[PDB]
Each structure stands twice: as C-alpha cells, then as structure tokens.
There are 2 protein chains.
Amino acid sequence: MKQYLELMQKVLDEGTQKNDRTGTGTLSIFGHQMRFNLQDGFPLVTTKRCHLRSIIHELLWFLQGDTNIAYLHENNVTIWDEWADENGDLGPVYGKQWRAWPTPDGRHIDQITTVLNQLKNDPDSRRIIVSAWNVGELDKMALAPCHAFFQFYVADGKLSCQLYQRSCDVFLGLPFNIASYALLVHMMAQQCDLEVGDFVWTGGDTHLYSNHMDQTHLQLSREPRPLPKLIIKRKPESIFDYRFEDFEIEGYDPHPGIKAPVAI
Amino acid sequence: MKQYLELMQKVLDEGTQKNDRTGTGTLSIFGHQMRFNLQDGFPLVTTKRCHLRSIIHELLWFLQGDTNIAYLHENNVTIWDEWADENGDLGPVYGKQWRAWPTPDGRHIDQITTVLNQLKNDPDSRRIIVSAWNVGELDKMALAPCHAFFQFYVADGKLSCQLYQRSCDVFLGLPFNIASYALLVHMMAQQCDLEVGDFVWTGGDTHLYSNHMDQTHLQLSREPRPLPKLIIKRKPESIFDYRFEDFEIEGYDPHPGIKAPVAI
Ligand SMILES: *[C@H]1[C@@H]([N+](=O)[O-])C(=O)NC(=O)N1[C@H]1C[C@H](O)[C@@H](COP(=O)(O)O)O1
Ligand SMILES: *[C@H]1[C@@H]([N+](=O)[O-])C(=O)NC(=O)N1[C@H]1C[C@H](O)[C@@H](COP(=O)(O)O)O1
C-alpha cells in the first residue's frame, strides 16, 4: 500500500541504528501516524501475500478472551507458537484484557461489551477506549502488548478507530496489525449500524529488523495493486458470534509472499 | 506556536460539529500528530499568556501521587476546583496511577520509578511506558484521564516522549498539556544524564468548544514569538525532589492572556 511503502522508505532513510531486546538490531523511528479511509478499500498489503487465515483467526481468538494457543492450532495458525509455554499458555495477554480485565476488588471487566454499550448509547463519548496495557499483569505476559490501546470515534454516521502501537515490526507485524484492526472496525460498525470511517495508525518505536533488509528492498521494488473489498456475508447476533467463513475478501491479488525470520 | 496554530486552523476548517458530554457542543477532528524538537526551545504558547505557576504545580502534584487538591490550594492553583468533592478529593486520577497503580493481588506499582530504572538500565527497551488508564478504577475518577498514556524513547543520547491524549480541548487544555509533558521530559533527561529529544503529541478527539470561537479567532490573528528557554537551576537527588523554584523560564514574552469559559 502507498502509506505502507512510504513508511518503509522513511525508516530506511531516517531510522537510527538501535540495539533491541532480541539482539537482532534494528533501524528505528519514533512516532508516526497514517490514516486509512476504510471506504477506499480493505487495507490489506498487496506487495506481498498476507496469510488471511492467520489474521482473521487471531482476531476471533482475541474476541474470545482465549490466551491459550489451542484454538489457533485447531485452525492451523502457528504465529503464536514461539512464545507459549509447554501447556500452550501465553499469560494474560490481549484477549484476557479485552474480555476480562481483573480489578483490584475481585471483578472482571469486559471492555468489548462496555464499548458496544457506549457505541449504542453514547456515540459522541470521547472515552470509547480499549486498553491491553494492564500494568498489574505485564509481568505475567509472554510479551508486552505491541498494539496496546485503541479508541473509537463516531461522527456523521461513521465509525473511526485509532490504534496506539508502542512497538511496530514494520515488515512482519504492521501488515497484520492493520488488516486485523480494520476487520474489528468493520465488525463493530456492522454490529452498531454504522458506516466505516477511518482507521488511524499511530506508532511509537517503529522499526525494521536488520535481517529484513533484503526483504525490504525487494518489497519496495514492487508496484502496489488495487485494494481488495471486504464483504461480511451474515450479520451475527453478537460481536462474539463471527465465524471465519462470514468474511469474504474479494479482489485480492497480491505479489508473491516474502519469507523473513521472526525476531524472538 | 506554529504547530499549535496550524492545528487550531485545521479544526476550524475540517472539524465536524459534535455534541459532547458537557452539553457545550464542539468542532472536532479525530487523530492528529505534532512533533516538537525540545532543542529548538521550550514549547510554551506565546500567542497568549499561559499561567506557569499552574502548569508547574500540577506536574509536581502528579509526581507526588496526590489526588487531593489541598496541595494546589496551598500554592494558589485552582484549575482542579470544579471537579473535587467537598473534601477536595478527585478519586484515583493521574498521580495515583503514576505512583501507585493497584494490582488485583494487593500491591502498588510505581510506574515513575519503574521508568527511571528502565531508562537507567535498558534505554533501548520499547516498553518504557506510563499509563493513567486504569480500567479497574475509571469509575472512581472525577474525570477519565485526557492525557492517558505515554512512552519514552532513547536514541543517540537523547530522550524522546510520545503522549496519547484521547481528548484534547485545543484552546484551554493543549497549551498546558504540552508545556507540562515537555517539563517532565527535561526533568527525566536531567535525572538520566540525557539530552532532550522530541516531544511527540498524539490526539484522539481533538476539539474546539463552541464558546471558544471568538477567543480562537482572536488568537489566530496573533503572530507567534520566539520560544522561551527552560533552565533547571539545581539537579535534585530524585525525580520526586523538584521544587517550583528550581525552574527558570527565560525569554518568555507572550501576547496577552485570553479568558475562556471552562467546559464542566
Ligand atoms: C509485536 C506484536 N505482537 O506481539 O503481537 C504485534 O502484534 N506487532 C508487532 O509489531 N510486534 C513486534 C514489535 C517488536 O518488534 C516485537 C515485540 O518486541 P518488544 O517491542 O521488544 O516487546 O514484536
Ligand atoms: C482534559 C484534561 N484534564 O482533565 O486534565 C486535560 O488535561 N486536557 C484536556 O484537554 N482535557 C479536556 C478534553 C475534554 O474537552 C475535557 C474532558 O472531557 P471528556 O473528554 O468528555 O472526558 O477536558
């Protein structure tokens, strides 16, 4: 995508070399914002094939509050395997905090349901927020949430969403992170009878790993294609009732897939 | 400031009218980012006088973990009066979460001290984050945090910081919110022996209240002045040991103050 390649180019031109947790080494910039009007098309990267099965199943898995990888395996998705313990557990990551953030006084808070209530009863509210950054539980997590905090916004009958992502692996993560949230926006707007508006991505430490340099130069030589169209076939009873096959991505014609090593 | 007036102009040209919690009505945009190189000068608005006493004392008050307004009153700062209960209490807002976020298992976490430890021992970490958005306690707060979540970043010997602000009152709030965080950056870099880098501001629902329209047109006719210089006179033992008079703002020559009604 246009915005995606401009970002890739910017890290190459303007990033400073940095050490990082993994030992891999990176080129990194700090702070960047991109806007996607979800009306122009579904923001799925076309300059390499992205694995939709994985993107979609992760989202469904988040919406369940499942933090164990068994559901991913039943569905042949292995993108979380490097970080699970032998029981296949990741600790109270994403979905646990979305569905059941633990309070100090014993309760559990379902932010997703909270958010549908706000969008159904108080669309102008400026507090329509989901956070994964539960400070009290970071140390139980296999990995701190990279996509940490997001806000919904309604104006003129359209649903918008902004994501704060503290740490972005531009080559491997960002293409999923974008498709994934764009999906949630479509699902949420459907549930709430809204049009889709913009998805705004905001990054903190936005980086390209040092052993993604040939892959990056390869993808930047590619010309982007027309964006696909997302079709949801059925309107489920609830945001928690989507099935993988309710989604149709039509007109998706990427350049070939490009393999790159994961930073563990 | 340049970036500040361009933002003000953008909400006027591009905002949609919105109802809001207060009943006031606003022009609102969603998602905007501005960068301030803290080396070019201290980003204190010059097109109207800003009350430094208030900006500084609020920050000091946050660093204490005080959520009661008594400390502000001892120091003649009344910017929190509209929201306190009769005992002068605001609930577990900003400073409570910065200094003593309560865990579900009984503990309290001091994110500020956590952050100095990360900056002193692991500057490349991409998890140097403070959050005020404690979901478990939002309902105890007099007001949900507007400036909710912020991240530090070190590269080339310089300290940077990005703020996610879910709700920005552009006329009244933003000029404080910016001065205030720019201050924290200077304090933190001093404590950590770093140079100041950039302060990056990221907004969600970024708005101009409808009864700030004449004030806004008035301030946009003003020409911005040279930015002041911030001088810290002493290097205290700790981030918690700053006193109001350790700070000198030199070269600050604003246009006159402009009064506007607070949205309660
Ligand atoms: C993290 C990631 N995730 O864990 O799901 C994601 O969704 N997107 C990412 O970009 N992602 C990256 C950012 C970073 O390169 C590593 C996490 O490392 P730290 O930032 O050191 O925690 O994964
Ligand atoms: C909120 C504020 N604060 O409570 O300290 C601040 O520091 N900056 C703000 O801009 N500010 C504004 C945003 C909004 O206009 C109101 C809060 O209202 P909700 O967004 O409806 O909670 O104060």
# chains A, B, ... in the order shown; residues from 1 in each chain; ligands from 1
call {"tool": "residues_around", "arguments": {"residues": "residue 148 of chain A", "least_positions_apart": "3", "cutoff": "6 Å", "atoms": "only C-alpha atoms", "output": "PyMOL selection string"}}
result
chain A and resi 132-133+145+165
call {"tool": "write_last_selection", "arguments": {"atoms": "C-alpha atoms", "output": "mmCIF file, in the first residue's frame"}}
result
data_model
loop_
_atom_site.group_PDB
_atom_site.id
_atom_site.type_symbol
_atom_site.label_atom_id
_atom_site.label_comp_id
_atom_site.auth_asym_id
_atom_site.auth_seq_id
_atom_site.Cartn_x
_atom_site.Cartn_y
_atom_site.Cartn_z
ATOM 1 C CA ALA A 132 -4.445 -4.090 26.758
ATOM 2 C CA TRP A 133 -1.813 -2.335 28.901
ATOM 3 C CA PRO A 145 1.150 -5.942 24.013
ATOM 4 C CA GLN A 165 1.115 0.691 18.852
#
call {"tool": "interface_residues", "arguments": {"of": "chain A", "to": "chain B", "cutoff": "8 Å", "atoms": "only C-alpha atoms", "output": "VMD selection string"}}
result
chain A and resid 16 18 to 21 30 to 33 101 to 106 109 124 to 127 131 133 to 137 144 151 153 155 to 156 162 164 166 to 167 200 202 204 to 205
call {"tool": "select_by_dssp", "arguments": {"residues": "segment 40-234 of chain A", "states": "alpha helix (DSSP H)", "output": "VMD selection string"}}
result
chain A and resid 52 to 64 70 to 74 94 to 100 111 to 121 173 to 191 213 to 220
call {"tool": "residues_around", "arguments": {"residues": "residue 62 of chain A", "least_positions_apart": "4", "cutoff": "7 Å", "atoms": "only C-alpha atoms", "output": "CSV table (one decimal) with N, CA, C and O atoms, in the first residue's frame"}}
result
chain,number,residue,atom,x,y,z
A,58,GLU,N,-6.6,-14.9,14.6
A,58,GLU,CA,-6.1,-14.2,15.7
A,58,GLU,C,-7.1,-13.3,16.3
A,58,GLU,O,-7.4,-13.3,17.4
A,66,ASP,N,-9.5,-15.9,24.9
A,66,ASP,CA,-8.6,-17.1,24.9
A,66,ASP,C,-7.2,-16.5,25.0
A,66,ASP,O,-7.0,-15.6,24.2
A,94,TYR,N,-3.5,-9.9,25.3
A,94,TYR,CA,-4.6,-9.3,24.6
A,94,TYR,C,-6.0,-9.6,25.0
A,94,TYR,O,-6.6,-8.9,25.8
A,95,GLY,N,-6.5,-10.7,24.5
A,95,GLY,CA,-7.9,-11.2,24.8
A,95,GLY,C,-8.3,-11.2,26.3
A,95,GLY,O,-9.5,-10.9,26.6
call {"tool": "atom_distance", "arguments": {"atom1": "atom 23 (O, counted along the ligand's line) of ligand 1", "atom2": "atom CA of residue 174 of chain A"}}
result
9.5 Å
call {"tool": "residues_around", "arguments": {"residues": "residue 264 of chain A", "least_positions_apart": "3", "cutoff": "9 Å", "atoms": "only C-alpha atoms", "output": "list in words"}}
result
residues 21, 22, 24, 82 and 83 of chain A
call {"tool": "residues_around", "arguments": {"residues": "residue 81 of chain B", "least_positions_apart": "6", "cutoff": "12 Å", "atoms": "only C-alpha atoms", "output": "JSON, numbers by chain"}}
result
{"B": [68, 69, 70, 71, 72, 73, 87, 88, 89, 90, 142, 262, 264]}
call {"tool": "select_by_dssp", "arguments": {"residues": "segment 29-224 of chain B", "states": "strand (DSSP E)", "output": "JSON, numbers by chain"}}
result
{"B": [29, 30, 31, 32, 33, 34, 35, 36, 37, 101, 102, 108, 109, 129, 130, 131, 147, 148, 149, 150, 151, 152, 153, 154, 155, 158, 159, 160, 161, 162, 163, 164, 165, 166, 167, 168, 169, 195, 196, 197, 198, 199, 200, 201, 202, 203, 204, 205, 206, 207, 208, 209]}
call {"tool": "residues_around", "arguments": {"residues": "residue 231 of chain A", "least_positions_apart": "6", "cutoff": "7 Å", "atoms": "only C-alpha atoms", "output": "number ranges by chain"}}
result
A: 247-249
